[PDB]
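Letter by letter, the chains look like this.
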Amino acid sequence: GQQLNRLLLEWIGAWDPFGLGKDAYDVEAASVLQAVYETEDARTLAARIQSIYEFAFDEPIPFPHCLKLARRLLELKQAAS
């Protein structure tokens, strides 16, 4: 279904690293969702997250912050597959 994807998108928006509200990140959430399907590795995903958000905001989010998110997303992906 798309149930898993909607949940992943919700989590990514909710991450809200810059205190802009969950709705400010639809573009970046879609991009992170794509990356989620391209790996099973939290490090790899975290680096994609970092690049996506650095492009979007001209600010590098600390890698370990990206890594927690990547781990959470892959935990959900794995729990559903």
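Procedures and definitions
Residues numbered from 1 in each chain as written, not as in the entry; some residues may be left out. Heavy atoms only, no water. Helix = DSSP H or I, 4+ residues; strand = E, 2+ residues; numbered from the N terminus. Contact = heavy atoms within 4.5 Å. Salt bridge = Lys/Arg side-chain N within 4 Å of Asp/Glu carboxyl O. Expected span 1.5 Å × (residues − 1). Buried < 20%, exposed > 50% of the residue type's maximum accessible area, 1.4 Å probe, protein only. Arc of directions from axis to C-beta. Patch = residues over 30% accessible without salt bridge, like charges linked within 9 Å, V, L, I, M, F, W, Y side chains within 5 Å. Areas by Shrake-Rupley, 256 points an atom, 1.4 Å probe, with all protein chains shown as cover. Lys, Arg positive; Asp, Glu negative; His and termini not counted. Charge placed at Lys NZ, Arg CZ, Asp CG, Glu CD. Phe/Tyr/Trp six-rings, centres within 6.5 Å; stacked < 30°, edge-to-face > 60°.

- Structure determination for the deposited model, as stated in its record, used X-ray crystallography, and the stated resolution is 1.60 Å.

**Observations concerning the side chain of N5**
Line of reasoning, step 1. In this structure, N5 sits in helix 1 (residues 3–15).
Line of reasoning, step 2. Apart from residues lying up to four places away in sequence, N5 is in contact with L33 and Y37.

**Some remarks on unusual backbone geometry**
Line of reasoning, step 1. Phi is positive for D16, close to 40 degrees, though the residue is something other than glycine.
Line of reasoning, step 2. Position of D16 among the secondary structure elements: in the loop between helix 1 and helix 2 (26–36).
Line of reasoning, step 3. Positioned with a positive phi, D58 is a non-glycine residue whose angle comes to about 55 degrees.

**A word on the pattern of salt bridges**
Line of reasoning, step 1. One pass over the full model with this rule turns up 1 salt bridge.
Line of reasoning, step 2. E40 is the partner of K77 in a salt bridge, and the nearest nitrogen-oxygen pair spans 3.1 Å. Linking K77 in helix 4 (residues 63–80) with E40 in the loop between helix 2 and helix 3 (42–57), this pair joins segments that are 37 residues apart in sequence.

**Observations regarding helix 1**
Since there are 3.6 residues in each turn of an α-helix, residues three or four apart along the chain are aligned in direction.
Line of reasoning, step 1. For helix 1, with 13 residues, the first-to-last C-alpha span of 19 Å sits near the 18 Å given by 1.5 Å per residue.
Line of reasoning, step 2. What helix 1 keeps buried is the set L4, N5, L8, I12, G13 and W15. Along the axis of helix 1, the buried residues cluster in a sector spanning 165 degrees; they form a single face. In helix 1, the exposed residues that point more than 90 degrees away from the buried face are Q3, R6, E10 and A14.
Line of reasoning, step 3. Buried residues along helix 1 sit in contact with helix 2, helix 3 and helix 4.

**With respect to a positive patch on the surface**
Line of reasoning, step 1. Taken together, the side chains of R43, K68, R71 and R72 define a basic patch exposed on the protein surface.
Line of reasoning, step 2. Among the elements that line the positive patch, the one with the most residues is helix 4, at 3 residues.
Line of reasoning, step 3. Structurally, the position occupied by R71 is in helix 4.

**Considering the packing of aromatic side chains**
Line of reasoning, step 1. Inspection of the entire model under this criterion finds 5 aromatic pairs.
Line of reasoning, step 2. Within the aromatic cluster, the residues linked to one another by ring pairs are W15, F18, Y25, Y53 and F57.

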